[PDB]
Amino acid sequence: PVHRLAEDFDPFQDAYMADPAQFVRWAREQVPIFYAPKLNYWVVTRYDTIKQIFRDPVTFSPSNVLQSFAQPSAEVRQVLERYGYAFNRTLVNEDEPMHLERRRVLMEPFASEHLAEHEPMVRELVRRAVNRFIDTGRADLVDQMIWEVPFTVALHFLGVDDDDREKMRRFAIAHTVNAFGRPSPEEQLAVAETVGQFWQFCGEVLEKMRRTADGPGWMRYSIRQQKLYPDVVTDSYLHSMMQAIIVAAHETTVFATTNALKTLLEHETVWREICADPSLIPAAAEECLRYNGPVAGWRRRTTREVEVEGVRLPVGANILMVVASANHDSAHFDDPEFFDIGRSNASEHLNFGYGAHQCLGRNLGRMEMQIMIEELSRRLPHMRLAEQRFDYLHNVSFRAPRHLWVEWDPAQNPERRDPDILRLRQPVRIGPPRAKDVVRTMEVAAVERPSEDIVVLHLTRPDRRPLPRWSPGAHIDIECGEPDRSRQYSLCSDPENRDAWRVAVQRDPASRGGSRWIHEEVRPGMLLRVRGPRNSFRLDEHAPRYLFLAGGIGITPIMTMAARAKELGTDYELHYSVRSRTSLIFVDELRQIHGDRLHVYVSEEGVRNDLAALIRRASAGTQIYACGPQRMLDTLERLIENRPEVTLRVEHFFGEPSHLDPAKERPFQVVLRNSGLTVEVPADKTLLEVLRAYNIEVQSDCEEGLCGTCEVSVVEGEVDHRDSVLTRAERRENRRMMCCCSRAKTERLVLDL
């Protein structure tokens, strides 16, 4: 009864604190928006919907982000009024256009080079913490380390004197309950009193800072910015922010790190991998954020009528975005319940939000997670979770257990046998991990050589444990002898078969070295560094009819799509053309599966597939999926550019790599509309490199126009396309753009970033 579940929905309970993505799985799957009467909120649960809401803060205001779920009684008001409580807007809950202007004025101390200066402090505090308890054999990781490290760092970043932690903790709990919780009525007056005391304590801190405004920390810097921008950095802002940022600057980092260590210790195989290889830590942390992140729900309120998930919402409608649900959305993350530290798009999780309000401290929080995981993985690889109950403080937005008890045998501490482990340091990842940071080590279980220039590889985990599932069209990248010679190969095994992955690698007659290395070097039992899967050629599973066209080695993604069409029961034909009979691969398998829906054309025997004839017989609604040589794909796109009632999707294997030659190029201007930022791209930089340098997070893989991972959305201007992914019609729309290589025809571009 999905209508009953909506009626009863109530996040203030252990089940939603413990696993909010499971708690709303029914809605993510079947009811992507519902009204929750116990809250007076609309609840949304899918990744695409939540990302769009984040993109549009004019329509979807963050005004209710810090809003209490209580009354307030006149007694509560009166308690609050005694302290002059006037908490108003900070950054996270501020409306446009004021928000972006204040962010612009205040964001500089959050720059990479400043945040990297805190590394020594984080390392020293983590080392101190673990030294205290390393020999005990039992410890609560939260009260012994994970809470104090971000707390200490945060107050130092802020310039707040750190001398009364029991009072600060008391203050932080009350603020959090007040902002995100639902205290019962018999408890609200005590909460209100502590909130008032926190407000007045922040008044005192602020007044001491005003008289030392040249001292350190971000709050004194905001006071100095007030002198220059008094209408932007107000007294109301400064006082409200002081209270909110004392909590925000540590609590969520504590929670993320608590959740990460719990998830890692619950997956012994993965924990053992990290303990043998610290370079996995940036990718493992991102997937901990994706899989078990500290953000449950986040809020917005409509400022106009708007349709959402096919429902027309009135003005002022409250929306709860279940961010944890989005991070488990199978439409964006294949096999989302699989905890996969090789997951190549893990950093697309929404724990840091997206666009205008995107978390300013996120790379400091990442660094703290990484160094804490590192220290524990080096010194306590043999610890395990003790038996315990996990207790969660109820609130709608942030979730972690309050304690994390672990136990180990100190006589097995590896530093006793090898004390120089204490001198090792894994250099820290600033920002999300790059593609070459997200790598799985695989074993070549078998190698078949059906023809002189095709090798079929069967790839498994070295331990043969299960692999994540993928979806038709996905590819992996194999590092062909070095990390900077990575090549894409389409997965062509069964996407649900977790035992192994199959690829077929053609030896290229003019190899730049990649497929040549595979043909000269790969043998069963070898270990390969593999990235992905990533899917840039997804099958629309709701088409009425399919036409699948494979030219040569282009059969590899196409055959996974034809197998899927069969399983869905949709009408399809599979046409497979080769030059030499010896180049046929998988034909016996394909005949068994597809029967009389398979058509094979061997051109050395004089047989070819007349595409103009085959397309003019295609009926309206048909989706054509094709992979083959460049000339075959051009032909299909000329034929389809005059048949609007059929659609074409192509994947290019043989594009020409892009290469920036700055002598032939010009600077251009890019406006990031959602981030409220305008940057210049000089002649010697790609757009991708400039986005990274402004900490705009964009995923990339080949970085040379071939794989399409770096695509961004253009809303104004004319693109000078340099990639090999887009069709001509796509190029002419001036919407999609590969930022690793493409530039501008107009002087400026406007991006939806």
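One-based numbering along the sequence shown.
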(request) Name the higher of the two by mean Cα B-factor in the PDB entry, 668-676 versus 363-371. (result) 668-676
(request) Taking the mean of the C-alpha B-factors per stretch from the entry, tell me the winner out of 580-588 and 135-143. (result) 580-588
(message) Just to confirm, going by the entry's C-alpha B-factors, which of 273, 418, 286, 452 comes out highest?
(response) 452
(message) If I read the C-alpha B-factors straight from the PDB entry, which of 410, 185, 468, 336 is highest?
(response) 185
(message) Please place residue 429 in the lowest, middle or highest third of its chain according to the CA B-factor in the PDB entry.
(response) highest
(request) State the tercile, meaning the lowest, middle or highest third, of residue 118 with respect to the CA B-factors recorded for its chain. (result) middle
(message) Split into thirds by Cα B-factor across the chain's modelled residues, where does residue 392 land: lowest, middle or highest?
(response) highest
(message) Quick check on the deposited entry: does the C-alpha B-factor of residue 554 sit in the lowest, middle or highest third of its chain?
(response) lowest
(request) Within this chain's modelled residues, let me know which third the CA B factor of residue 249 belongs to: lowest, middle or highest. (result) lowest
